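Chemist: Provide a 3D model corresponding to the input given below.
(chains A, B and C, ligands or ions: 10)
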Amino acid sequence: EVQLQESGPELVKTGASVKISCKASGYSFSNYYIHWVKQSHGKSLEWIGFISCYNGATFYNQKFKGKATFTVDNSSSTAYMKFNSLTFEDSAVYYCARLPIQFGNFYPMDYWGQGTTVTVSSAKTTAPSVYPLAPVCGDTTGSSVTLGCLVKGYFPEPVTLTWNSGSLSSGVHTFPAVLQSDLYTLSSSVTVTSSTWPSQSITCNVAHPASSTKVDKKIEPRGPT
Amino acid sequence: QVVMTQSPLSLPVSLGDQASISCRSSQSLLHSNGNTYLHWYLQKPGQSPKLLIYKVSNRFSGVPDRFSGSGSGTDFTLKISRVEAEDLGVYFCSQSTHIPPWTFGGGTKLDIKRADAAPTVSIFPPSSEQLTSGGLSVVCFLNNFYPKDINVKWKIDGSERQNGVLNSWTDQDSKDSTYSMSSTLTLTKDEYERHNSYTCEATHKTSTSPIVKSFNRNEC
Amino acid sequence: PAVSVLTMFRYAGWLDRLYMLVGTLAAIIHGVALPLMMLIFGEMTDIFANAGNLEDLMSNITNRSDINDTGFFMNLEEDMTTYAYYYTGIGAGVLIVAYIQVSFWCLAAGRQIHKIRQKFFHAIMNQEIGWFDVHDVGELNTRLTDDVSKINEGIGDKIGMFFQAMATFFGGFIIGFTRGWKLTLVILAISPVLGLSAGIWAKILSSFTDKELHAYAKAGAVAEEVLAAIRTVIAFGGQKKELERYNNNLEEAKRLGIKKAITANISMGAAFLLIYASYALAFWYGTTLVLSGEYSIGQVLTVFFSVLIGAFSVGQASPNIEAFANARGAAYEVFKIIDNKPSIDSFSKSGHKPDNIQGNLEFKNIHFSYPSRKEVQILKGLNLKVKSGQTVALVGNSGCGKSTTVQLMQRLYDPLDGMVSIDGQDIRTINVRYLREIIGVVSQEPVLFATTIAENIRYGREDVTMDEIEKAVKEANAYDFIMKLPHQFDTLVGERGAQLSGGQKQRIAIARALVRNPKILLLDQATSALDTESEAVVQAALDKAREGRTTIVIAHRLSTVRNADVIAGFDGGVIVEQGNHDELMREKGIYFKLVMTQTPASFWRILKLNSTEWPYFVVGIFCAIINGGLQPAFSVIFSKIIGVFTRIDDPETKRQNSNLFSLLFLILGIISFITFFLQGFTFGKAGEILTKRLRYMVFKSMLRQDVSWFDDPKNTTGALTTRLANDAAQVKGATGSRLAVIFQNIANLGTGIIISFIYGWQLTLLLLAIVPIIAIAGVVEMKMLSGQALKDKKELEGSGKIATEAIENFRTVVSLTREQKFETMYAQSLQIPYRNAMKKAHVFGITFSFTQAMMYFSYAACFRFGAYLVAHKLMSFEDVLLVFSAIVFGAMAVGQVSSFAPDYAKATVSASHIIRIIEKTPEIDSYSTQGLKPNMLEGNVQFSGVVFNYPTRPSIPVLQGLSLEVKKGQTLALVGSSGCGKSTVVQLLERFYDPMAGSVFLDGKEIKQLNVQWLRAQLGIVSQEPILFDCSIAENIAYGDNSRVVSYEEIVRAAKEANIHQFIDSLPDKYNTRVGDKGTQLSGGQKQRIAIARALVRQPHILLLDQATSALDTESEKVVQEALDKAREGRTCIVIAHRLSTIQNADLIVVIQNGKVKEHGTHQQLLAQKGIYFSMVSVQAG
Ligand SMILES: O[C@@H](COc1cccc2ncccc12)CN1CCN([C@@H]2c3ccccc3[C@@H]3[C@H](c4ccccc42)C3(F)F)CC1
Ligand SMILES: O[C@@H](COc1cccc2ncccc12)CN1CCN([C@@H]2c3ccccc3[C@@H]3[C@H](c4ccccc42)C3(F)F)CC1
Ligand SMILES: CC(C)CCC[C@@H](C)[C@H]1CC[C@H]2[C@@H]3CC=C4C[C@@H](O)CC[C@]4(C)[C@H]3CC[C@]12C
Ligand SMILES: CC(C)CCC[C@@H](C)[C@H]1CC[C@H]2[C@@H]3CC=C4C[C@@H](O)CC[C@]4(C)[C@H]3CC[C@]12C
Ligand SMILES: CC(C)CCC[C@@H](C)[C@H]1CC[C@H]2[C@@H]3CC=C4C[C@@H](O)CC[C@]4(C)[C@H]3CC[C@]12C
Ligand SMILES: CC(C)CCC[C@@H](C)[C@H]1CC[C@H]2[C@@H]3CC=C4C[C@@H](O)CC[C@]4(C)[C@H]3CC[C@]12C
Ligand SMILES: CC(C)CCC[C@@H](C)[C@H]1CC[C@H]2[C@@H]3CC=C4C[C@@H](O)CC[C@]4(C)[C@H]3CC[C@]12C
Ligand SMILES: CC(C)CCC[C@@H](C)[C@H]1CC[C@H]2[C@@H]3CC=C4C[C@@H](O)CC[C@]4(C)[C@H]3CC[C@]12C
Ligand SMILES: CC(C)CCC[C@@H](C)[C@H]1CC[C@H]2[C@@H]3CC=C4C[C@@H](O)CC[C@]4(C)[C@H]3CC[C@]12C
Ligand SMILES: *[C@@H]1O[C@H](CO)[C@@H](O)[C@H](O)[C@H]1NC(C)=O
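Modeler: Numbering: from 1, shown residues only, chains lettered A, B, ... in the order given. Ligands and ions are numbered 1, 2, ... in the order given. You can find the structure just below:
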């Protein structure tokens, strides 16, 4: 069994430095290199650099010289990069993988760490603003009706949105959170039968456990407004 | 740097037949040795990227015999044989034999190959609490469509707008195997009280005319 | 027969136990320097290996700065220096630890031997003469010498080296189990066969310098038999049978030497096969594991080297327990003698001290038997008394009781029953030192110490002044000859000094007894073989000494029996006759019977000696260049199999190159085994052929040459048996082995220095400046393994002869009670080489330490300069490892090769001696077939004026013009006096010499021009003492006429004319009864009859009879005269004699003096002329 596994996910502010660790466990740690790579959101994996893992002789990429620095710890069998001089562009998911030293470059990176993410923030905690969304006043013609409720402006992730606190699972299309202006935005919707609404009561229950905020807005039909 | 270009961006594979991915270099990966190095990794969602095919023809110890490599020069191919439900990840192809940029490939997801379908577009008006707070936020849902080829477009009173807009696509369903997405226009309050015809465009490959949905503000 | 471990160290103080307890810890700390050296070597090769992979990755980036290929390589350069300090630490901390390891064991076991040696000699000297009668003297002397040398080598330095080998073993396995364990278990699976082969090779190595005189000793006995008596061999024509007798046993010794050489060299070759096959197995599994990414190359090198040197150290720790295994047996033989307590204890001082002693005495019923000869009781029930001044004498039976009471007076034995009491006081309650202080004795045959005259008087008493000595030697009637002395009393007298007469030593011995000032003077047969002209003056001297002492004279010349006071006679061990002279005359007993009866090297010549076996030398040197050239092949294969890992490559290319190089290790192992076996076998055969052929040729050319060559004291039987026994096997080591050494070393270092100037030269100049010291390291370690202790024992010979000189004549010392002088004479002569051995231990320890310290500083300096030279890209790491491996391991290999062979200087001086012996040719060549070879059968020998002097000394002319003619058939006899040389013309008849002026006219013909083998074919000789051989009596008798076809019937005939024929028939296995030390021993008369029968086998025309006196049987005289009278009838005889019972039937007797016949004629004529013959009849008639 060979297993590299890594730290936890970060939530660091802009300008600070972060240390992320790759605890190699299950092999003879003092031969193989350790290669640190970076994957952005939906892009090709770039390559940052490696460490000699016997005497700490490092080699960086060209773009990442200076704003990264690696260090080893042979006793605990880990490897670190202390990632100074943060920008917004350095929010990614970072992996570690090993290369043997007797026949490196002529062998693949045979085992990879699980990879854990770095999230550069610039603001502080803010409450969500749960708005409900009604069907359009005017035309109501279809035998299937769609109900949604928007959550805008919160920070930071996650938010547990659930219609009726878990009694409705018939088309809840919960969407991923979208970043804009360093403020997240989630949305969600469900399609129910035409005979259910507004004849029955239904609502979502937004909970934001990062700020202990639990809001329960009941949707209403658009009448005069 | 060999500027690698793995060039399917997705692969609509069914469940129980053959799949085929490319991997196309930008300089020939023949070393002075008689060997061609480029390797093939499976990356499951969330977990660590595993190794499946290395040194294009060989096979790593542990992976089943459904996998096979091919090709030489500047064109390479992995071949799944009779795909199960367990091989659904994203596949990419290191490397450069001209180090140390050490390039990697783009990636290729997989699919479950639904039959074609049409979206059910829905526009929701701005909420009354957003009318009290002082912004506009109009949201368009459109659900249960296949495949993932769409370009939604927002048009106000017959005039286009490509600023202040979001898009969020969900991923593949494991119960019906379809997609859905959303767009949201976001601006100030006073922009909302100048127009009536708020429209959307559903440019899907399964129709010629885009499915337009609309509502008018001044009546309710 | 061995002692326990806690007994051998019982003669150690506390400084010796401190020396051993520090030497053990220094042995263990020196034990674990080599596994730690391999650990730091593995860690360094790991550093150099890791940096190299990074070099190429960097190499493909073209814009990379020089400071870049400095930082990775700067780090390599900086790390190297800390390991240079590690190596200098191990070197300077093994220097002082090896110095404490060697110096504190040679000291602590030279001190115990220097105590045990003098305590053993003191234990020998304080023993009973009865115990000394049972044990041998030569066995005891050899016991002293070789047993104390074995106890010196058994605890000397072997135990510290044993602890070092065991500590290296344990350090090797601890490093092998804590660095990486799978490879250690793999090599430990084949560990027992490795240790077994190393143990066999170590037993071969430590027992290298050993002469092996067990194969040759049959021929050695043949040579020491024949060369002990050479005058007989030339006379009887004994050449071809003697050479065949030598030749067969020599062939057997050749065959045994062949098998020993083949076994020794296959035992060396199997060890190198196991070394290289273990290299192949361990690197095949090591690069199965390092290509799986589990170890590195550092851990593979470290656990492989450390487990290998562990298995070979338990290999080499076996003979150092063998030496302690047999020193346990030698210490029993020493400690049992030093354990025993004598019953009389002549060193103890507890008895009485009488004063005013006069010498009253009483024998009271003594019943005594010998403790050696137990079965017969000689004395019983004796009762004799004496008063003051009464000179008692005793006469009677022969040798029974004449000596037992003269020994019992000094208390040499206790009586088993009875109690002799001196002056009414017990003899066993006096202090025995004081008891032997008051009684003097003069022995029958006096032995004299090889010292000066005055020092021989000094043994009488150590407080005497020279005035007393001078008045004693004038008092004892000895001053006449001693005033004709060269300078003074410092005159060297002895068997190596002036060869004196028996009466002179006799009267100086009574003079020593007079300086003792005895009170009960004893005399036992002071006229054993003394002439009548000296017995009168020594009798006069002892008659001057008789006034005032209780004298007991027991001697011959039964005339002072008249002047004696009281006489007694032996009767079956009970003396019952007592009375004065005329009273014994009227008793008419045995005394009446007495008065009735009496009254350039040139090394090409040494190889030119072996010009017949060049089809062995060609395959020998063609095999030796191959066998001494595969050390650079091992260096290049080791360098490539490590340099395949300091480069980046595929996995499969690395796998197949490692498989190829492990295969080349196994192929090199099989080739090295085959070439060691053949280089052993062919030089073994071409050495033993020259030993056999050179021994046969030197024996043929040594037997042939003249009689005068055997007369010089540099050609003795001992020296010639040494130069025949020891020198063929020392010319065998200057023809083949020297060529093997030169060709192995010239391949082993020419190939190394040539390829190490090809690859990297700035390192090999440095290593070539170091190489002589590490070659000397190899040679001094190989001197330590076998030959260190052997040299020292030849130096100690000052006390080597004092002990054997004072243990032979032990009876003289115990009579004198002067043991303390001999003990201090031993003590100071032992005190000087003890200090010399301590200085040699303080030299050998420091030289053996400094060579090892240079051996580790070679690693340090070489790899530091190698790292600097690598970090500027002009040598790779594999080339630095190649240069180091060649020009270090080749230097250790030429050290071990140049010391493993035998020496050259002793070999070339032995070759010069053999080449100067085997080619020289005398004038009387005994193999010259040329000559007249006539048919003469009458034999008229006519001398005419022969003038002769011996070549051993030209200072005394002995023959002055002798003319002598013998008539046919008559028995012409010749008798003379002392110093005249009665047998000179007797030896000259066989041409044993050649006189200067004059000639022999054998029927008018000179012996110069005859054919010598014809002359020996018609000539028979009788010797004084016969020379008997280790064959049957049929060939001892049939020896009389060699080169013949003599059969059983003439042996029967010569037995008829011998009167031993029915004596042969009285013996079982009649002619087959082998005689010797393996057979029976005969009396003088029977061996005389053997000689006469042997000479009379030939049936010659002329006989030569040469007889001497001092026979003790004296009853076979009539039978040897009747066989001579069977020969005095038709065979011309020449007779000398000492018994004058042949002067009547001899025909023409001659007086010989001044080289001239005094007078011709018969017996009555020369007796009536009142010449010297009148004097001999007047002497022997009284
Ligand atoms: O010289 C010392 C110090 O050892 C070293 C120290 C530091 C560095 C070294 N580097 C290389 C080699 C040795 C190094 C080692 N002696 C060298 C000589 N051995 C001798 C010896 C003698 C003749 C031929 C071959 C051998 C070799 C081993 C061996 C086995 C059984 C009995 C004796 C020996 C063998 F038959 F296989 C003993 C140890
Ligand atoms: O010189 C060589 C070859 O020896 C000869 C070559 C040619 C001819 C010869 N002729 C006669 C005698 C020897 C000859 C011998 N050294 C002797 C010293 N070794 C030492 C050594 C030391 C102690 C115990 C065992 C060993 C043996 C080998 C070894 C391995 C690694 C490091 C050092 C050594 C080992 F651990 F297995 C090296 C080879
Ligand atoms: C000047 C003299 C007296 C000092 C002698 C220095 C020697 C004995 C010392 C100096 C450096 C020491 C080494 C330091 C580090 C190591 C590595 C460790 O894991 C095993 C022991 C080992 C290998 C030590 C062995 C003993 C050592 C070699
Ligand atoms: C004295 C000799 C004849 C006894 C036999 C010893 C040799 C031939 C045997 C004993 C133990 C064996 C080893 C035991 C373990 C393995 C693991 C295997 O996966 C590779 C081969 C290897 C390394 C074997 C090689 C052969 C081996 C070393
Ligand atoms: C007597 C002791 C030393 C055991 C000796 C074992 C030797 C003879 C045997 C055991 C295993 C063998 C190896 C097995 C496999 C091969 C692969 C071949 O392509 C090269 C030779 C090589 C590498 C052999 C070398 C010889 C070898 C090492
Ligand atoms: C390239 C040239 C210089 C290499 C020549 C090698 C020479 C210098 C070396 C290699 C082995 C050496 C020999 C090794 C052994 C001995 C035995 C000694 O009792 C006499 C010197 C002698 C015979 C040496 C003479 C010089 C020698 C022959
Ligand atoms: C390139 C030239 C300088 C090489 C010359 C090599 C000379 C300087 C060295 C190398 C090996 C040395 C020999 C190595 C071993 C011994 C054996 C010893 O019992 C006598 C000295 C002797 C014979 C040395 C003499 C000098 C020597 C021959
Ligand atoms: C008379 C000549 C041969 C000197 C004998 C002692 C030599 C062999 C030993 C004793 C001290 C040792 C030195 C100890 C310290 C170091 C410093 C290091 O940075 C280089 C090696 C070096 C310099 C060692 C080289 C070898 C050395 C000089
Ligand atoms: C025999 C005598 C005269 C010389 C012996 C010492 C020689 C063999 C060795 C001992 C240590 C070695 C030195 C080790 C350290 C360095 C410092 C490095 O930056 C240059 C090389 C240099 C200077 C080496 C030159 C050779 C050297 C001095
Ligand atoms: C790298 O490139 C620059 C200019 O392109 C040049 O100045 C520099 O010397 C180069 N470095 C080396 C080691 O050539």
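Chemist: Confirm residue B:26 sits in a helix?
Modeler: No. Per DSSP: H, G, I helix; E, B strand; the rest coil, residue B:26 lies outside any helix segment and is coil.
Chemist: so what's the backbone phi/psi at it?
Modeler: phi -140, psi 10 (degrees, to the nearest 10).
Chemist: That one: what's it in contact with?
Modeler: Counting by Cβ atoms under 8 Å, 6 or more residues apart in numbering or on different chains, residue B:26 makes contact with B:2-5, B:74. From N, CA and C alone the C-beta is placed, and that goes for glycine too.
Chemist: Most widely separated two among the residues you listed?
Modeler: B:3 and B:74 (11.6 Å; Cβ to Cβ).
Chemist: wait, what's in contact with residue 27?
Modeler: Chain wasn't specified; assuming chain A. A:2, C:293.
Chemist: Chain B, not that one
Modeler: Residue B:27 touches B:2, B:74, B:98, counting by Cβ under 8 Å, 6+ apart.
Chemist: now do residue C:919
Modeler: Taking Cβ under 8 Å, 6+ apart as the test, what residue C:919 contacts is residue C:701.
Chemist: State the distance from it to chain B.
Modeler: 74 Å (Cβ to the nearest Cβ, to the nearest Å).
Chemist: Compare neighbour counts for residue B:3 and residue B:74 and give me the winner.
Modeler: Taking other Cβ atoms under 10 Å in any protein chain shown, residue B:3 and residue B:74 do not tie; residue B:74 has more neighbours (14 against 11).
Chemist: looking at it, the more buried one is touching residue B:25, isn't it?
Modeler: Yes. With contact defined as Cβ atoms under 8 Å, residue B:74 and residue B:25 form a contacting pair (4.5 Å).
Chemist: Quick check, residue B:150 in contact with residue B:204.
Modeler: Yes. Using Cβ under 8 Å, residue B:150 makes contact with residue B:204 at a distance of 5.6 Å.
Chemist: hey, what's in contact with both of the two?
Modeler: With Cβ under 8 Å, 6+ apart, residue B:150 and residue B:204 have common neighbours residue B:119.
Chemist: So which of those two has more stuff around it?
Modeler: Remark: of residue B:150 and residue B:204, residue B:204 carries more neighbours, 22 against 19, as counted by other Cβ under 10 Å.
Chemist: show me the contacts for the more buried one.
Modeler: Residue B:204 sits in contact with B:118-119, B:145, B:149-150, B:210-211, where contact means Cβ under 8 Å, 6+ apart.
Chemist: Could you do residue C:513 as well?
Modeler: Applying Cβ under 8 Å, 6+ apart, the residues contacting residue C:513 are C:440-442, C:460, C:521.
Chemist: for residue A:58, same thing?
Modeler: A:49-52, A:70.
Chemist: ok, now residue A:67?
Modeler: Contacts of residue A:67 by Cβ under 8 Å, 6+ apart are A:83-85, A:90.
Chemist: Do a quick rundown of the strands in chain B.
Modeler: Along chain B, counting by DSSP state E, strands occupy B:19-23, B:40-43, B:50-53, B:69-71, B:76-80, B:90-92, B:120-124, B:135-145, B:150-156, B:159-160, B:165-169, B:179-188, B:198-204, B:213-215.
Chemist: Could you list the residues in contact with the third one?
Modeler: Applying Cβ under 8 Å, 6+ apart, the external contacts of strand B:50-53 come out as A:108-112, B:39-44, B:59-60, B:63, B:67-69, B:78.
Chemist: ok, of those, which come out buried?
Modeler: A:108-112, B:39-43, B:60, B:67, B:69, B:78 (16 or more other Cβ atoms under 10 Å in any protein chain shown).
Chemist: could I get these as JSON lines with distance to residue C:867?
Modeler: Shown next, in JSON lines, are those (distance: Cβ to Cβ, whole Å):
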{"residue": "A:108", "distance to residue C:867": "33"}
{"residue": "A:109", "distance to residue C:867": "32"}
{"residue": "A:110", "distance to residue C:867": "33"}
{"residue": "A:111", "distance to residue C:867": "34"}
{"residue": "A:112", "distance to residue C:867": "36"}
{"residue": "B:39", "distance to residue C:867": "36"}
{"residue": "B:40", "distance to residue C:867": "42"}
{"residue": "B:41", "distance to residue C:867": "40"}
{"residue": "B:42", "distance to residue C:867": "45"}
{"residue": "B:43", "distance to residue C:867": "44"}
{"residue": "B:60", "distance to residue C:867": "39"}
{"residue": "B:67", "distance to residue C:867": "47"}
{"residue": "B:69", "distance to residue C:867": "44"}
{"residue": "B:78", "distance to residue C:867": "47"}
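Chemist: any idea how far residue B:145 is from residue A:170?
Modeler: Distance, residue A:170 to residue B:145, by Cβ to Cβ, to the nearest Å: 18 Å.
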